[PDB]
Each structure stands twice: as C-alpha cells, then as structure tokens.
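Trainee: Chains as they are written, first to last, in my numbering: chain A, 1 to 15; chain B, 16 to 232; chain C, 233 to 450. Ideal Cβ positions, reconstructed from N, Cα and C, are used throughout, including at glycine.
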Amino acid sequence: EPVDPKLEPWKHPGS
Amino acid sequence: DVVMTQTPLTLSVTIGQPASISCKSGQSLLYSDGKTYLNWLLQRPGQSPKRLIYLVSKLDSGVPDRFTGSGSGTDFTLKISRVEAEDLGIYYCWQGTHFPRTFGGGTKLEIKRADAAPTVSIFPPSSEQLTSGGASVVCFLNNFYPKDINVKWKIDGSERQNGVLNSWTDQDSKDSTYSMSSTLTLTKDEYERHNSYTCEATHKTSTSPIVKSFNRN
Amino acid sequence: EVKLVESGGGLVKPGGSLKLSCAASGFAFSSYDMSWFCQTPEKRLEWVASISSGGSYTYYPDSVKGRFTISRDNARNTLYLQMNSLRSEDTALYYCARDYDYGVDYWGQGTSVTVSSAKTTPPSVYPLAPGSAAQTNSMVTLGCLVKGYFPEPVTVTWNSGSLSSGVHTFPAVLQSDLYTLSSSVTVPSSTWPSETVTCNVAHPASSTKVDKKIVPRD
Numbered sequence: 001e002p003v004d005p006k007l008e009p010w011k012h013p014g015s
Numbered sequence: 016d017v018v019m020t021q022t023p024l025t026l027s028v029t030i031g032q033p034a035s036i037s038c039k040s041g042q043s044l045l046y047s048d049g050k051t052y053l054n055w056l057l058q059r060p061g062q063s064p065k066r067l068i069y070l071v072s073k074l075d076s077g078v079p080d081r082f083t084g085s086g087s088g089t090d091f092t093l094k095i096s097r098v099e100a101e102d103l104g105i106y107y108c109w110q111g112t113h114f115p116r117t118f119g120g121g122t123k124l125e126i127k128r129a130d131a132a133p134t135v136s137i138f139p140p141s142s143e144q145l146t147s148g149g150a151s152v153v154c155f156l157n158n159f160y161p162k163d164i165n166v167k168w169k170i171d172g173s174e175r176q177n178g179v180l181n182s183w184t185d186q187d188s189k190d191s192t193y194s195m196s197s198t199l200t201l202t203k204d205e206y207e208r209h210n211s212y213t214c215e216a217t218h219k220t221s222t223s224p225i226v227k228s229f230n231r232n
Numbered sequence: 233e234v235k236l237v238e239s240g241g242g243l244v245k246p247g248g249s250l251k252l253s254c255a256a257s258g259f260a261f262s263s264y265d266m267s268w269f270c271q272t273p274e275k276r277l278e279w280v281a282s283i284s285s286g287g288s289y290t291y292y293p294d295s296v297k298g299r300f301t302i303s304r305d306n307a308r309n310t311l312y313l314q315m316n317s318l319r320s321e322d323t324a325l326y327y328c329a330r331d332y333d334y335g336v337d338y339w340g341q342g343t344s345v346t347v348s349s350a351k352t353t354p355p356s357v358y359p360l361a362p363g364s365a366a367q368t369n370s371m372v373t374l375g376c377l378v379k380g381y382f383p384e385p386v387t388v389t390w391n392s393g394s395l396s397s398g399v400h401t402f403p404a405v406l407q408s409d410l411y412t413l414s415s416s417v418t419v420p421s422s423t424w425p426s427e428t429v430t431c432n433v434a435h436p437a438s439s440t441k442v443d444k445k446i447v448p449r450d
C-alpha cells in the first residue's frame, strides 16, 4: 500500500 | 520450480509499431495477500538488466508508459504501444511469488529494417597457420538483413558440414544489420588434397546464392 | 544514485572456491535485502542467493544450497558471495541486485566466473589477407583469426584503435576447451596497401599481446 516492507511472500521481514 | 514460459522467442518489429510479449507460468502467481509477484525486465546488448514492470503492471519510473504490463493467474503480457530503436534487447519475465524465484527464458526483440544483402569475403588459410599443420578457411558475411541466412561450404563441389564453426554478432545498434563469420577448419593434409573452396550464401536479397571461392591451383 | 559494483570473478577449477563482492553506494545499504543473480553463457537468468537487510536470514535455491554463502558487511556497504565446490554449470556472469518494491529494483554490472579444469592458453593470431585475385576494386576486407586460447576474454583492435568503423569482431566459440574468434575490417583499397593494417590482440589471462600486420598474399 503506502506503507509496508514490500517484500516477496517467502521473505521473513528483517531487522 | 515454477516454470515460466515466454512467447514468442524472437519478435521482429518496425519502429512506431506495437509489440506484445506473452509470459505464462506453470501455476498461479497470485498470493494469499492478493498481490501477484510477476516482474518484467529488459537487458539491452552488453548492458545490465533494467526493471520494467513489478507486481504485474506497476511501471518503473525510468520507463516510458508506452510499456504496459497486464494479466493474472498464469497468463501475462508485456505490451509496447510503439516500439523505438532503443527497445532492442532481451525481455524477461520473472516471478517472486513462489520460492525459488524463477525466470522465463527471454524474448529477443529485433528491429525491422529494409532488406540488405551480405557482403561476402573468403580467406584461404594463412601461411603461418599451415606451418603449424592447420587450415582454417574463413568466410565473412557482413551487414545483412533479415537475419535468415544459409551458408554452405563446398570442397571440390561437395557440400561439407563437418569442421565448420559459425558465429553471429548481435543486431547492430546503428544500422540494424547482422553479421556472421563461418570458419572451416581442416587438417593441413586434407587442405592439401583438394583444390577448390567455396563459401555459399543464400538470402532473400538476390535471385541467385552469393558465391565466393578460391582454388589452390 | 544507486550503484552496485561487483568484483572478484575469474577462472577457477571445478571443486574450487571464489569469493565475490559487490560495493554498494548511493543508498542506505543496511535497509535493504540484497540478492545475487547470474546470467549463463546462453543468456539464461537465474536467482542465486538473497540476504535480509540485517544479515540474519539467508535464502538459497537447491542448486547452490550447501555450496555458496551470501553474507554482508553493513559497516562497509559490501555484499559477498563465497562460492565453494564450484561446478562447470556455475559458469556465469554474476550480478549483485537490490531487493525492493515487491522484487528487485537495481542491478550491478556483473563479474564473470568460469569454472573449468582446462589450462590457460594464449591465442595464435593469424592474418587474413585476400586470395590471389581479387573481388571489388573499391573496399577491401581484411581479417584476423584468433585461435586456440583459454579463458575468455581477449580484446581485438585495429591500428591500435584508430580503425574502428568497418570492424566486426565476432563472439568466441568454445571448442575443445579452446576459444576461437575472428575479426574483419573493411577499408578503402589504395589504403591497403600501402598504408599498413595491424590487428592488435590482447589476452590478459596469459599476459600476452600479438600485433599482427596484414600483408598481401594468403
């Protein structure tokens, strides 16, 4: 959206 | 693991005309979050890939909007509303929905130009090369269009397919022609046993094959 | 401006190791996942490895899993690929890329890797002059045949670079673990001869240069 990390479905959001 | 299939393999287009490329995946690219991770990129000859489209139809901001992407499920299309000379290159689709990322095999877009006949030259093996016991006959076929050409070697009238090494340049970004070299390598002893050496080019641009030849003696 | 500059490629034996790196600049390196891709000699593209912005998560397809390691130095804006147990199939141009916008946004320039147990061999350079007779008065085409070297690349120029138009240098073809290529140049007759024409061939892997004068005859 605006908004999110914009990563692909198999990614685990990073630190 | 997701199979990505592009069609056509090559596409010949006139500047100013539309073009369309298709990409079909082996399973649906729509993910549960409602997004479809389907991408397109362009690689121009000798350059790095450049992003064109992401999430099916979002346009990279360096790309003019004559490029559009559309589709859903397993069927996708890249369209170019009017082709320019700088669109020459290989277009790839690729998916990031399922691990691992996978690419289509590429569609080569070539620019149409007016027919052009090859300029054909034949070169007997150099005398330095014969002193090392090898005999390469080289034939150059330069600056032709369309890309469709057949070249036959003939030794003493006999067509010969064995020992030939052909090589083609990319479409020239300045005149849109192609060029090719065709190299017949024999041992020196067999070079020795024949007289007559012919490079023969067949092309839509002339009513008879373009013939270049030499004879040892 | 996003900029990614790979280095470290070269010729390596099957079973051997190589470490690639990618120097990133023009952006906050630490914020982005990063990826390796490669382009095979057939112009197939393949994804090689990805790493999370922070460093903790790494992802690999089955083809490299267990052999390659991707890692990153957030302090020096540098991405790495440690390639072990190389295979001939790993022969490719390797690209560093930035993961963003539901995919990948910027690619680097590539660094070339050849995996082969074939030995480094300098080229033989053969001059190609027209046969005893003798087509077209006007333009004359001359050639250089660059045969039997390993590995890629070589560079070919004519008259140390001052003949540039009218030149066609063809891609090399690999035959028995040796490459062959040719180059043609097209010049006004009356210019050849007299005026001298020389193909300049360089082969960095073998630290060799050959400057071969095309003389009338063969």
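Under 8 Å between beta-carbons, which chain A residues line up against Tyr46 of chain B? List them in chain order, please.
Mentor: Residue 46 of chain B sits at position 31 when you count from the first residue of the second sequence. In chain order: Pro9.
Trainee: Step through the CB atoms of chain A and report whether any lies within less than 8 Å of the CB of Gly111 of chain B.
Mentor: Numbered from 1 along the second sequence, position 96 holds the residue referred to as residue 111 of chain B. Yes, because at least one Cβ of chain A sits closer than 8 Å to the Cβ of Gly111 of chain B.
Trainee: Enumerate in chain order the residues of its own chain whose CB-to-CB distance from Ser285 of chain C is below 7 Å, with the five nearest sequence positions on each side excluded.
Mentor: For the purposes of this step, residue 285 of chain C is identified with residue 53 of the third sequence, where counting begins at 1. Its chain contains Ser262, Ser263, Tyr264 and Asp265 as the residues whose beta carbon lies nearer than 7 Å to that of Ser285 of chain C, once the 5 sequence neighbours on both sides are disregarded; these appear in chain order.
Trainee: Of all Cβ atoms in chain B, is any one closer than 8 Å to the Cβ of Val234 of chain C?
Mentor: As a working mapping, residue 234 of chain C is identified with position 2 in the third sequence. So, not an interface residue.
Trainee: What's the call for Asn369 of chain C, buried or exposed, on a 16-neighbour Cβ count within 10 Å?
Mentor: Here residue 369 of chain C is taken as the residue at index 137 of the third sequence, counted from 1. When all chains shown are included, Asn369 of chain C counts as exposed.
Trainee: Are the C-beta of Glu207 of chain B and some C-beta of chain C separated by less than 8 Å?
Mentor: Position 192 of the second sequence holds residue 207 of chain B. Judged by the 8 Å Cβ criterion, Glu207 of chain B is not in contact with chain C.
Trainee: Helix or strand or just coil, what does DSSP make of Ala437 of chain C?
Mentor: Along the third sequence, read from residue 1 onward, the residue named residue 437 of chain C stands at position 205. If DSSP states are grouped into helix, strand and coil, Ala437 of chain C belongs with the helices.
Trainee: Chain A partners of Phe114 of chain B, CB-CB under 7 Å?
Mentor: Locating residue 114 of chain B in the second sequence gives position 99, counting from the first residue. Neighbours of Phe114 of chain B on chain A, chain order: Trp10.
Trainee: Which residues, taken in chain order from the region 46-63 of chain B, show a beta carbon closer than 9 Å to some beta carbon of chain A?
Mentor: Answer set for the region 46-63 of chain B: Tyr46, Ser47, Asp48, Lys50 and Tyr52.
Trainee: Got a sec? Which residues, its chain only, sit under 6 Å from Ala350 of chain C by beta carbon, not counting five neighbours each side?
Mentor: Within the third sequence, residue 350 of chain C is the residue found at index 118, counting from 1. These residues qualify, in order along the chain: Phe382 and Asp409.
Trainee: In terms of DSSP beta bridges, what is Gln110 of chain B paired with?
Mentor: On the second sequence, residue 110 of chain B is found 95 positions in, with the first residue counted as 1. Answer is B:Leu53 and B:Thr117, bridged to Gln110 of chain B.
Trainee: At what residues does the beta strand (DSSP E) containing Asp331 of chain C begin and finish?
Mentor: For the purposes of this step, residue 331 of chain C is identified with residue 99 of the third sequence, where counting begins at 1. Run containing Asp331 of chain C: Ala324 to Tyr332, per the beta strand (DSSP E) assignment.
Trainee: Can you give me the C-alpha to C-alpha distance between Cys38 of chain B and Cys108 of chain B, rounded to a whole angstrom?
Mentor: Position 23 of the second sequence, counted from the start, is the residue given in the question as residue 38 of chain B. Position 93 of the second sequence, counted from the start, is the residue given in the question as residue 108 of chain B. Spanning the two alpha carbons is a distance of roughly 6 Å.
Trainee: Taking only beta-carbon atoms, is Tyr160 of chain B less than 8 Å away from chain C?
Mentor: Indexing the second sequence from 1 puts residue 160 of chain B at position 145. Not an interface residue.
Trainee: CB-CB under 6 Å to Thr51 of chain B, same chain, minus the five flanking residues each way: which ones, in chain order?
Mentor: Counting from 1 along the second sequence, the entry for residue 51 of chain B is found at position 36. Taken in chain order, the residues that qualify are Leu44, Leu45 and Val71.
Trainee: What residue range does the beta strand (DSSP E) around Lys65 of chain B cover?
Mentor: Residue mapping note: residue 65 of chain B aligns to position 50 of the second sequence, counting from 1. Per DSSP, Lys65 of chain B belongs to the beta strand (DSSP E) from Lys65 to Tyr69.
Trainee: Using the beta-carbon of each residue, which ones in chain C are nearer than 7 Å to residue 4 of chain B?
Mentor: Chain B is shown only over 16 to 232; residue 4 of chain B falls outside these bounds and no answer can be derived.
Trainee: Counting only C-beta atoms, is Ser394 of chain C closer than 8 Å to chain A at any point?
Mentor: The residue labelled residue 394 of chain C in the question sits at position 162 within the third sequence. Output row for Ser394 of chain C: interface = no.
Trainee: Rank B:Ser188, B:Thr192, B:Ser182 and B:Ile170 by C-alpha distance to the C-alpha of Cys214 of chain B and give the top, closest one.
Mentor: Working through the second sequence from its first residue, we reach residue 214 of chain B at position 199. The candidate whose alpha carbon is nearest that of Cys214 of chain B is B:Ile170.
Trainee: Note down the Cα distance separating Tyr193 of chain B from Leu374 of chain C, rounded to an integer number of angstroms.
Mentor: Here residue 193 of chain B refers to the residue found at position 178 when the second sequence is read from its first residue. Here residue 374 of chain C refers to the residue found at position 142 when the third sequence is read from its first residue. Whole-angstrom Cα-Cα distance: 18 Å.
Trainee: At 4 residues or longer, what runs of the alpha helix (DSSP H) sit wholly inside the region 112-183 of chain B?
Mentor: 142-146
Trainee: Within this structure, are the beta carbons of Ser188 of chain B and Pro60 of chain B separated by less than 8 Å?
Mentor: Stepping through the second sequence from its first residue, residue 188 of chain B is reached at position 173. Stepping through the second sequence from its first residue, residue 60 of chain B is reached at position 45. Yes, Cβ-Cβ distance for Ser188 of chain B and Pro60 of chain B is below 8 Å.
Trainee: Let me make sure I understand the geometry here. Which of C:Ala256, C:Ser288 and C:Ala255 has the alpha-carbon closest to that of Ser15 of chain A?
Mentor: Numbered from 1 along the first sequence, position 15 holds the residue referred to as residue 15 of chain A. Per the C-alpha coordinates, the member of C:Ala256, C:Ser288 and C:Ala255 positioned closest to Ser15 of chain A is C:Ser288.
Trainee: Please list, in chain order, the chain C residues whose beta carbon lies closer than 8 Å to that of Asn157 of chain B.
Mentor: As a working note, residue 157 of chain B is residue 142 in the second sequence. Result: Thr373, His400, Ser416 and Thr418.
Trainee: Any idea what DSSP makes of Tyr206 of chain B, helix, strand or coil?
Mentor: Within the second sequence, numbered from 1, the residue matching residue 206 of chain B stands at position 191. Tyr206 of chain B: helix per DSSP, three-state reduction.
Trainee: What residues in its chain sit with their C-beta under 6 Å from that of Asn181 of chain B, if we drop five residues either side in the sequence?
Mentor: Residue 181 of chain B sits at position 166 when you count from the first residue of the second sequence. For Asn181 of chain B, where only same-chain residues beyond five positions count, the Cβ hits under 6 Å are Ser197.
Trainee: Provide the residue(s) that pair with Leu201 of chain B in DSSP beta bridges, ordered along the chain.
Mentor: For the purposes of this step, residue 201 of chain B is taken as residue 186 along the second sequence, with counting starting at 1. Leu201 of chain B pairs with B:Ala150.
Trainee: For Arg276 of chain C, return the contacting residues in chain B, with the cut-off set at a CB-CB distance below 8 Å.
Mentor: Within the third sequence, the letter at position 44 stands for residue 276 of chain C. By Cβ distance, chain B contributes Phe118, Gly120 and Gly121.
Trainee: Under a CB-based cut-off of 8 Å, is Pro355 of chain C close to chain B?
Mentor: Here residue 355 of chain C is taken as the residue at index 123 of the third sequence, counted from 1. Under the Cβ criterion of 8 Å, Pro355 of chain C is not counted among the residues facing chain B.
Trainee: Does the distance from the CB of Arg128 of chain B to the CB of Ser191 of chain B come in under 8 Å?
Mentor: Within the second sequence, residue 128 of chain B is the residue found at index 113, counting from 1. Within the second sequence, residue 191 of chain B is the residue found at index 176, counting from 1. Yes. Within cutoff.
Trainee: Whole-angstrom Cβ separation of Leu325 of chain C and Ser344 of chain C, contact assumed at under 8 Å?
Mentor: Taking the third sequence and counting its residues from 1, the one referred to as residue 325 of chain C is at position 93. Taking the third sequence and counting its residues from 1, the one referred to as residue 344 of chain C is at position 112. At roughly 5 Å, the Cβ-Cβ gap stays under 8 Å, so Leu325 of chain C and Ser344 of chain C are in contact.
Trainee: Return yes when the Cβ of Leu395 of chain C is within less than 8 Å of the Cβ of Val417 of chain C, no when it is not.
Mentor: Counting from 1 along the third sequence, the entry for residue 417 of chain C is found at position 185. Counting from 1 along the third sequence, the entry for residue 395 of chain C is found at position 163. Yes, they are a contact pair.
Trainee: Let me confirm a value: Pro115 of chain B is counted as buried when at least 16 other C-beta atoms fall within 10 Å, else exposed. Which label applies?
Mentor: Looking up residue 115 of chain B in the second sequence gives position 100. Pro115 of chain B is buried by the Cβ-count criterion.
Trainee: Within the chosen definition, does the region 75-83 of chain B reach the region 148-160 of chain B through at least 3 CB pairs nearer than 8 Å?
Mentor: no
Trainee: What does DSSP give as the partner residues of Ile105 of chain B in its beta bridges?
Mentor: To locate residue 105 of chain B, count along the second sequence from 1; it is residue 90. Paired residue(s): B:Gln58 and B:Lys123.
Trainee: In chain order, which beta strand (DSSP E) runs of at least 3 residues are fully inside the region 234-299 of chain C?
Mentor: 235-239, 250-257, 266-271 and 277-283
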